[PDB]
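Structural overview
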Amino acid sequence: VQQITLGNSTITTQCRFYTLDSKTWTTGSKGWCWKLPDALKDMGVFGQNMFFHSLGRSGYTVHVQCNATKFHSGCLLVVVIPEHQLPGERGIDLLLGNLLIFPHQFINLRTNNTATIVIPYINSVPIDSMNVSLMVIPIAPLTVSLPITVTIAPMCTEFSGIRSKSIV
Amino acid sequence: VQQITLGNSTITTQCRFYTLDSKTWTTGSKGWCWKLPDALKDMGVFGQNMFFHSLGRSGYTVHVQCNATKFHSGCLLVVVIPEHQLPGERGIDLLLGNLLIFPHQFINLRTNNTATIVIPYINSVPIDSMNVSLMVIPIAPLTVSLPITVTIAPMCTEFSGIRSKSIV
Amino acid sequence: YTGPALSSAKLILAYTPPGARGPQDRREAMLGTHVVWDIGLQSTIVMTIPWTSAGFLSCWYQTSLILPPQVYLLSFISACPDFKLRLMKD
Amino acid sequence: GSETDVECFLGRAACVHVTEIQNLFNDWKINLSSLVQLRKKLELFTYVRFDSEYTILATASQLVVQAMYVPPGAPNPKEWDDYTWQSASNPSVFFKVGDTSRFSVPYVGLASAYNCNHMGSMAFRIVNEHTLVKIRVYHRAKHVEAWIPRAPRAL
Amino acid sequence: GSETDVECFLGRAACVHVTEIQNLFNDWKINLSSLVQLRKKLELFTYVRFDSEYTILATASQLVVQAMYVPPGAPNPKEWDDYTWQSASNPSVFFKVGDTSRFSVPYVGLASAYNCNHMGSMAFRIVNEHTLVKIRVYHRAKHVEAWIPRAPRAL
């Protein structure tokens, strides 16, 4: 219904949930950018498996929710770019019209306050050393700041068999 | 046959094998003593689970093997005492006739060089905070030093469900 | 092993997978992939390295050599039938 | 609507490299990023898998040409009396000056597609011993497969 | 795994002999031991049986070329006005300078395979009477059969 529980975590919105630090959307902010899995390199048990195993493979489900009242205006564009080119769990605090080609889900405070994106593993090799970058851009400015919460759930994750192989 | 492989480990004798430091049986040594699981508190992945989980429960299989030629004399008594009373992976370098009441397996260099003891979980409670002590006593003195290797395999091990429970 | 038949020791043959750093202690070696090998009991030990496309491989003394009243190991290499060879060179 | 197919849109012969030899040699590391009219159409896809057809045109001004292909990870020639030219492993084509040669390298990569990536290199010499020749190589992408459309580059 | 086959590993065209004629002649006794990159791969087998394909390339510098094959046990030409050149028994090919000829000698031996062995000889002349031509012969081993793997040579 509205209480998705995954592993030892529980979230309310409409394999565990890692909630990154809540960002403050002020009227002059350009947006934010989080490379994956780099945003989870320090994130408990995932950060340990990611460092310990030489190669890995993971999908992600990103829930971006902006807790606010029904009085605020403005809209954010949450877009995931595969293989973005020229930070940790703190992200990168910051043509645009063409970014809609990439999987996206506009949040518009007038109508919506949540966006959910299921990201599959996208690479030119089946397994790789631990790739995609999530960006949150405020398009229409905020008229009354408002908190932005990013929740990443890595799912369907596999890692290499080496260091666990017996030589007999 | 003679190559028991358990997990990422392989041993030759006649869930993983933890081989403690090899002790030198000189002609004047009184023996050694290793409390379990205290001998494994610093032993990789077991030491991590043992510290991380508040309560636990484990059985053990101890293989004591003394690599030597067919020219040496003497015999060791390998005995496991449940709840022994008045160290780490280094053990405690040290009436006796009655110790045969406890599960034991004399190694006698004339005939044998290996002893295997399967220890079940023995306690007055079904689960407990991480109990038994293995002792190796040279009874007949060694006549020509000889190395003593202790290998502990914790098996049928369970740990508490707390810290992994969802509150929903 | 080529030493005399009465000699004995326990040698640990540890495999470190590709991407990791080689061990600098018997504990590091024993904690990772490894085969404890009693030289007296078995003259020959055959390992099979996992699939690779390189890793490190080392051997450590668990017990000192019990020489009867220097000796040598001979090491051999080959490839399993799953080994491929793709592009020609000069 | 056959002109919107990716074999029609990307699979057409353009001039990728133009060099000049003397009677000594020139080697070009294959990079389709050098031609901005082919790179602008190819860099709107992340990954792309394609075989290739190289048609080399040689013209003289004031003879035989040895255009040798070099597989990825193999050394390039450094002089005009090197041993790489005589080496059997690296393919080569010997054609007269004024006409054109044509060969077809298969998809040479390490990953299942190129990400806009070692395609190899071509080395060119004129074999006669003891005139300036202009070499134009035309590349055509074959059996193309594309997989993630990107935003087109504006700058 | 087609590149580990012995027709793929040994059966590829390399430059085995390079000579120069004048407008007089040159004869080369066929020996694939002259090219150390082909000998290093061929001398890891004791016995080897293979037919052959010779592709001769002639280039001029400052015309017709008579590249005549000579079967094992037959005399070689000693001048440029000898009778061996006019002899019917020994095969020959007449091609213009600048392009290339191609022929295919069968397995010519006395034993059932060569042991790394009389392959014969090729003689080269230019036919015009009253310029320096460079001849490059490329040999390709065909239908190869190998039979005793040896230790590879280190020195």
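Residues numbered from 1 in each chain as written, not as in the entry; some residues may be left out. Chains lettered and ligands numbered in written order. Part of a larger assembly, values for the part shown. Heavy atoms only, no water.

Structure determination for this PDB entry is given in the record as cryo-EM, at a resolution of 3.9 Å.

As recorded by the PDB entry, chain D carries the name Genome polyprotein and is attributed to Human rhinovirus 14.

The name recorded for chain A in the PDB entry is Genome polyprotein, from Human rhinovirus 14.

1. Details of the overall build of chain A
Counting secondary structure elements, chain A contains one helix and twelve strands. Along the chain direction, N to C, the helices and strands of chain A fall in the order β-β-β-β-β-α-β-β-β-β-β-β-β. What you see for chain A is a C-alpha radius of gyration of 17 Å, in line with the 15 Å of a compact globule of 168 residues. With respect to the principal axes defined by its C-alpha atoms, chain A has extents near 70 × 35 × 25 Å. Burial status across chain A gives 42% buried among its 168 residues. Surface exposure of chain A reaches about 9,100 Å², of which carbon and sulfur atoms provide 54%. Charged side chains in chain A number 11 positive and 8 negative. The centres of these two groups are separated by 6 Å. (Helix = DSSP H or I, 4+ residues; strand = E, 2+ residues; numbered from the N terminus. Rg over C-alpha atoms; globule rule 2.2 N^0.38 Å. Buried < 20%, exposed > 50% of the residue type's maximum accessible area, 1.4 Å probe, protein only. Areas by Shrake-Rupley, 256 points an atom, 1.4 Å probe, with all protein chains shown as cover. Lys, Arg positive; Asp, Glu negative; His and termini not counted. Charge placed at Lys NZ, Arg CZ, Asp CG, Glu CD.)

2. Notes on the pattern of salt bridges
In a structure, side chains of opposite charge can pair up when their charged atoms sit close to one another. For the structure shown, the criterion picks out ten salt bridges over all chains. Between D:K78 and D:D82 there is a salt bridge, and its shortest N-O distance comes to 2.8 Å. The class of D:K78 is exposed, set by a relative accessible area of 56%. E:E53 is the partner of E:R140 in a salt bridge, and the nearest nitrogen-oxygen pair spans 2.7 Å. The network of salt bridges with common partners includes D:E53, D:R102 and D:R140. (Salt bridge = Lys/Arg side-chain N within 4 Å of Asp/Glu carboxyl O.)

3. Brief notes about the sheet that holds strand β4 (residues 64–70) of chain E
All names here are of chain E. Reading across from one edge, β2-β8-β4-β5 is the order of the four strands in this open sheet, with antiparallel pairing throughout. Looking at the sheet topology across the chains shown, the edges are occupied by β2 (25–29) and β5 (92–96). Looking at each pair of strands side by side, their axes are set apart by 15° on average, direction ignored. The pairing of β4 with β5 spans five bridges and is classified as antiparallel. Looking across to β5, one finds that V65 is bridged to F95. (Pairing = 2+ DSSP bridges. Axes fitted to C-alpha atoms, helices over the stretch in contact; angles between N-to-C directions.)

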